[PDB]
């Protein structure tokens, strides 16, 4: 698709069997999805913000479908108020910014 930006660029994703909504985020390095169970090993990781740090679980090579497009990458899972598709996955679905 071609998505204008007058509202939050929210799309439907499919990850680990489930349907969720996620924000297409050119400002994020990494993809972060609210709490859920995913197959495979993971490793804890700390994400930094203005007041401090939040612990999440890094899973590698996860399959996710993003508005129809399949991709594979690292997904961080933890207590985020928004599901974010970061550049690690936007690159895998071929997304660009155009103006």
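Positions refer to the first chain, counted from 1.
- When the mean C-alpha temperature factors of 47-55 and 65-73 are read from the deposited coordinates, 47-55 comes out higher.
- When the mean C-alpha temperature factors of 13-21 and 74-82 are read from the deposited coordinates, 13-21 comes out higher.
- When the modelled residues of the chain are ordered by C-alpha B-factor, residue 32 sits in the middle third.
- Remark: residue 2 belongs to the highest third of its chain, ranked by C-alpha B-factor as recorded.
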